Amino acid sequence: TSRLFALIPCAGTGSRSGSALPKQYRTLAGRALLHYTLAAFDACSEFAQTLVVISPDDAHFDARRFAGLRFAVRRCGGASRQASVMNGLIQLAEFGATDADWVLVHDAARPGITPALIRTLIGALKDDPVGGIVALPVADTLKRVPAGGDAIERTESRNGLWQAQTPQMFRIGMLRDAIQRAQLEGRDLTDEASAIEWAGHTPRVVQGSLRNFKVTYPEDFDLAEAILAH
């Protein structure tokens, strides 16, 4: 009976992407970056609603560029990603969400997300007491490079290491309280799983895809444009 809610943190600036316009609004193959994320969730009718969190100062979001897609947008963006997620989780109650419902937090900067991968995550963790994330095992040899230079100090082990992606699937009640705990202890975490972990819970990993990579630096735009439109 647990309903499915989607939460798209979209209140970032994309400072590493070198784009003056927020990278989530950057046009790829004649289409906005965010549009690919929303279209993927829109294809999944089993979702109750998709909430997009944008900054209160966002003057670039144009709803007309996303017409036909089923989603809602709220200007409850925070100073950080975790804050934007926290405000979003609170905001979900407006749409009838409860603490027992699932929430799937997905980066807008990951346009390669597909309905198949969404439903793979859901189907694998729907009966899980905690939930989990989509992720990718570290395939490359890890090198330690001291900050400030390009010199390699030594080789680090990659055994048992995964690179976390999104969506990150957890219960609204457990996730909100976890982040609330993290903020109460002065911790700003990188993803939702981290809060779940520090709260004392054990999240799961589901095999992700390199197609689901996040656009982060100027190379990624043309690369995603190659990955997309295919």
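Quick note: we count residues from 1 along the sequence shown, nothing fancier.
The question of which stretch, 89 to 97 or 145 to 153, has the higher mean Cα B factor is settled in favour of 145 to 153. Legend: mean Cα B-factor per stretch from the PDB entry, 13 to 21 versus 204 to 212; the higher mean is in 13 to 21. Residues shown: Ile172, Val52, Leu161, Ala63. Highest C-alpha temperature factor in the entry: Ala63. Within the selection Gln165, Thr37, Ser194, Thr27, the deposited Cα B-factor values reach their highest point at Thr27. Sort the modelled residues of the chain by CA B factor and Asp140 lands in the middle third. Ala48: CA B factor in the lowest third of modelled residues in this chain (values from the PDB entry). Among all modelled residues in this chain, the alpha-carbon of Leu4 has a temperature factor (C-alpha) in the lowest third.
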